[PDB]
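Novice: Encoded as structure tokens, here's the structure I'll be asking about.
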Number of protein chains: 2
Amino acid sequence: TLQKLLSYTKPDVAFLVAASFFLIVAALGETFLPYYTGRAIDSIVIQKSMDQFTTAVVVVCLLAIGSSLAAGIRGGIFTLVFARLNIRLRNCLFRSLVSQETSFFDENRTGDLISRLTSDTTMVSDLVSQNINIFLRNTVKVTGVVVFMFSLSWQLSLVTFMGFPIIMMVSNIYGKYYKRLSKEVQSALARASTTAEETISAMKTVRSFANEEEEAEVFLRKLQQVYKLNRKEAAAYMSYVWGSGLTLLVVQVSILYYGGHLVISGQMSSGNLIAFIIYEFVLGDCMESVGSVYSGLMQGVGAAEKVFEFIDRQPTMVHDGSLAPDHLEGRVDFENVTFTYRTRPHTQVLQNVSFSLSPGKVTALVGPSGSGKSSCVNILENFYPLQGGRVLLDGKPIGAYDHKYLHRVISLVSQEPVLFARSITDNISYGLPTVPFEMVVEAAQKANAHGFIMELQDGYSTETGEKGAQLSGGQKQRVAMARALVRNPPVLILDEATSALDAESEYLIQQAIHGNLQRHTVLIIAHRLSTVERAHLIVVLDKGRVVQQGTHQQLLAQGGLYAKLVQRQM
Amino acid sequence: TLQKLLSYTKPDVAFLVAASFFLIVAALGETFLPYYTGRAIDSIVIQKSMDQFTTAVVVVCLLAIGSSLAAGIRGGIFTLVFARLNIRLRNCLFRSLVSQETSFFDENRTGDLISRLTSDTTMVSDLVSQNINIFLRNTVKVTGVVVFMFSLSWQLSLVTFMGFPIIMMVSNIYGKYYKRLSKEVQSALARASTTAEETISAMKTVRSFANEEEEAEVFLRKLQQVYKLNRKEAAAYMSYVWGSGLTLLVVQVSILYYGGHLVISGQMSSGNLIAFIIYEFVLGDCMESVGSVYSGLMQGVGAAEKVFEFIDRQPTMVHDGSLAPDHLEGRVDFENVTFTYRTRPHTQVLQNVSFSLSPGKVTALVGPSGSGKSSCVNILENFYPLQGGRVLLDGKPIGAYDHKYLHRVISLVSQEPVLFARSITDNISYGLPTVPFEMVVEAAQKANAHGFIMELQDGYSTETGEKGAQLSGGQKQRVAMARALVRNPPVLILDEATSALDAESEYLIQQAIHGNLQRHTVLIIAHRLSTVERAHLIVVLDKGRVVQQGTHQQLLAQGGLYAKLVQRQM
Ligand SMILES: CCCCCCCCCCCCCCCCCC(=O)O[C@@H](COC(=O)CCCCCCCCCCCCCCC)COP(=O)(O)OC[C@H](O)CO
């Protein structure tokens, strides 16, 4: 997958080569430093002079200042690459995530698709800011240090290189054993704590049995076992500290003592021995840090397969519409449509339904509250495709009209009309470009929204603050109705609350003034039967099939599947 | 606090004094080491001989071995103190988190009252062990190091003490500024992620407007602000590294050069210069470690307050009642009780109810399906207190009796009878010990619990696996029904949920043996109006006063609110 992660850095090679060059300079400065420290000490003790001027100068000016400056500049350019990579991953992932067909969002969760947008992209940008930085820096420094301490005195080099594996071996053995015993104690305490968790979380029954003493005592037993487990963990820790400490001591004193014999023999200088000891410590620390960072880098490159998982997934439907004639009537028809989801294809919610809607006239819908009525709402909004059948808007199917045009000639208001945390002069005129104020005023009046709006804390621009949860259901549905009416839509798809505790004048006036005195091929989805009393063609349905048509007077006349419900209401 | 926290270590004084002494020894050895290292280098350079061998000995054996062994023993004894303190706190906390009156369990949560237990007692023991370890160790070692590097050469100590505060001040300044800018960048990225989250989490209403593109654009610009906020953070990081590095360098080079002149002038000996530089490094490291760890210690004692608020919180309702007669009659009478909650004391959910149960005679209780009927069982089980009224039980009220004897005379069967993770021989004697297994199977046959026990995959003594889901509704109902008979209770209580998943076999076994044949003053709080199949009395009340009594044939005659329920339902 690293053939991809390169391609999302290809517009950053300028920053990358600048940062890499200054990284290499920083490492070389910090690995040429100890040799000249050794030359300084040797200039003190061997030739007692003021050659120390020139050597302290060589240390302080070029090597030290160069290391510090290059370190700062490498830090700067890597922070810049971090932010630019973060921004471009977030933008590409979103812009190709918000263009999937809705069944995508029905399958996958929402907390997961926000984890994969904040935390995962943070990890896959730290993979290039931090971990590759540290790993490459310390690799260059380790190579430099090894070559130096070979050039200085290869006897001590051979000694310490036969030495370091012994330290690593004993430390790793005892550390792994102690870690195992520590994990065992942690698991024992959690298992012993789950009993207290349950007896706390179900205190009613225990109270009913007067059995609290025999829960304190079982906790005392299930804990008093952990102590006898823990003594062994203490002993293992003690022996681990002894083992690591004494092996490190033996290697270090062997180094210093062989070095002493060399310096007295006359095969080195005091400066080169001090240089060798400092190089030994630097090599130890750098080996430690390189060994540490591999966990983080493995975790990062594992996280880099969640972003690229979604950042290019082909959508399963195309919005290939082209037509957009400005003049419609609104002949919503259905041609034996049967529809099922993509989540459970064997169950059925609509079977060969074929019912029409007369232009410019109300046409409600109702069912047994157990069959699929909402599914006709979700099919007409062109969310999901169809299995069998076809739907058409004034002759041509809805698969042919232009996308924004199609959802501008239809509308929707629903059971839970969500209002995004914005201004109410924006929530109303949501999807269409900045229509002026007076149209919004006429719209809010035409849904009894303008009533309360002027009585809020500012009027129209009262942004729906407090994380967008301040308004109540009545104003909610009325402002939603205002939102659909702004577009002047030839069709409308309306839904009604199950409690129906609102003013309720809006729906009857929609059957009377809002949609009856104008071209509005309104459809209704009614749970509360307070609107059955007036309609045009109540097409009651069940099991995904049409059973009755015509006015609900004939439903009362042919009292099948409907007259049973009106007695269930009273 | 600190005083009680000390009072919960009082049994550990032996372990504490032993570990403290060994901590002192380890710190003293590790601070005596570098002086003798400097003496070794001295003997290499100044008087080139094998007088070095004495000093390599006095470094490798005494100081190094002693330091490492003492560190091992200190680590071991602090692990033992950690586990003992953790155990004692958890035991005492759970001992006094189960003896509180149940209103205290209603008010508080249950996720908190386990997170508190586990993680907070972990923190309180971790405070003492880990951080008093680190703080006390580094205090002793820093005192020793300062005394030495004053003993060696005082001009050098005065120069490095003019040096270290300047390093600390410059690092402090620039680190504060850089952390400020990094925090602002994190906040801006989180804000833009929230504006993307409100569109991910509300996809359907967005799709309804063909408004994904403007959402992608809003996200793009809300990101392209972060880049401009981030360049300033890059410059802050640059200057932070430059400032810290250059100050540290100037201090170090001034010290090394002044030491060079000191060695040239005969004022010192090169071994003491190496000793002084090693002491400078050690002192810097330990100062940084203490400066890190004080914050963790303060956080630890800030968490250590959450335990002692519950350790000795006195219980509200004390079960000081102490009485247990041999035999009894079993006449329960709710006598003008004035019961009141403590979670919403404005309302009076039960005010002066008056009705008496009869020995062996069923007394069903149903109500208006919204009013307070579910409280009577909690009144009977002596959960909550009561202001006025006295439930007289055979000469004495319930409050006078023994706790265990009380809940051994009375039982209950909840709606969803909670059954903890045990075996189905444990549960059928929860509080009652030393039960013969044939009594268990007999009192399981009396409620038809023998059915799904033998066919379950382990025989009789099957453990309730998967955290209590290997049984179902009617199963666990028959289980709890088997519970309420193993104790031979002269009083019984029952309840049942609105689902009524059992196929009415519960009522067949109610009227079978322990409702008519055996003497059990059965009460019942039944939904769905199913208990009217048979009754020896019926109480229907509302909010404290009883409106209807007598057998249900009077309820047919006195058709108030009752005869309409059987016809409205289906
Ligand atoms: C960083 C900016 C530097 C600017 C220039 C300053 C010039 C003076 C400093 C020289 C540059 C060194 C830069 C990198 C060094 C980092 C590693 C380090 O500091 O290690 C020292 C400190 O490491 C420690 O923490 C020491 C603690 C243990 C003491 C070790 C004693 C000798 C080992 C034998 C004892 C055996 C027991 C071993 C237990 C670890 C080791 O001291 P040394 O005496 O070996 O050499 C230092 C030299 O004399 C400076 O002039």
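Numbering of chain A is taken from Swiss-Prot, so the residues present carry the numbers 169-738, in order.
When the header is checked for method, it gives electron microscopy, 3.4 Å.
In case you wondered, yes, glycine gets a Cβ from its N, Cα and C as well.
Per Swiss-Prot, the features are:
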TRANSMEM  A:181-201  transmembrane segment
DOMAIN    A:184-467  domain 'ABC transmembrane type-1'
TRANSMEM  A:221-241  transmembrane segment
TRANSMEM  A:315-335  transmembrane segment
TRANSMEM  A:412-432  transmembrane segment
DOMAIN    A:500-736  domain 'ABC transporter'
BINDING   A:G535, A:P536, A:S537, A:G538, A:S539, A:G540, A:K541, A:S542  ATP binding site
Novice: If contact means at least 3 Cβ pairs within less than 8 Å, sequence distance 6 or more, would you call the transmembrane segment (A:315-335) and the transmembrane segment (A:412-432) in contact?
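Specialist: The transmembrane segment (A:412-432) and the transmembrane segment (A:315-335): touching, yes.
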Novice: Work through the binding-site residues one by one (A:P536, A:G538, A:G540) and point out the residue whose CB has the fewest other CB atoms within 10 angstroms.
Specialist: A:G538
Novice: I'd like the Cβ neighbour count for A:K541 (ATP binding site), meaning other Cβ atoms within 10 Å of its Cβ, all protein chains included.
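Specialist: Summing over all protein chains shown, A:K541 (ATP binding site) has 22 other Cβ atoms within 10 Å.
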Novice: Give me the non-local Cβ neighbours of A:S537 (ATP binding site): same chain, 6+ apart in sequence, Cβ-Cβ under 8 Å, ordered along the sequence.
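Specialist: For A:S537 (ATP binding site), the qualifying residues are A:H695.
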Novice: Short question: which residues 6 or more past the ends of the transmembrane segment (A:412-432) have a Cβ under 8 Å from it?
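Specialist: Beyond its ends, the transmembrane segment (A:412-432) has Cβ neighbours at 321, 323-324, 327-328, 331-332, 334-335, 338-339, 342-343, 438, 441, 444-445, 448.
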Novice: If one looks at the chain holding A:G535 (ATP binding site), which residues at least 6 apart in sequence have a CB under 8 angstroms from its CB?
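Specialist: Spatial neighbours, sequence-distant, of A:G535 (ATP binding site): A:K541, A:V708, A:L709, A:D710.
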Novice: Using the recorded ATP site (A:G535, A:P536, A:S537, A:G538, A:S539, A:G540, A:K541, A:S542) as reference, state which further residues of the same chain have their Cβ within 8 Å of the centre of those residues' Cβ atoms, listed in sequence order.
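Specialist: Here the nearby residues are A:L709, A:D710.
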Novice: Under 8 Å Cβ to Cβ from A:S539 (ATP binding site), same chain, six or more residues apart: give me those in sequence order, or none if nothing qualifies.
Specialist: A:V517, A:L709, A:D710, A:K711, A:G712
Novice: Write out the long-range same-chain contacts of A:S542 (ATP binding site), meaning residues 6 or more apart in sequence whose Cβ is under 8 Å from its Cβ.
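Specialist: The list for A:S542 (ATP binding site) reads A:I693, given in order along the sequence.
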Novice: Is A:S537 (ATP binding site) helix, strand or coil when read with DSSP?
Specialist: coil
Novice: What does DSSP say about A:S542 (ATP binding site): helix, strand or coil?
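Specialist: SS state of A:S542 (ATP binding site) = helix.
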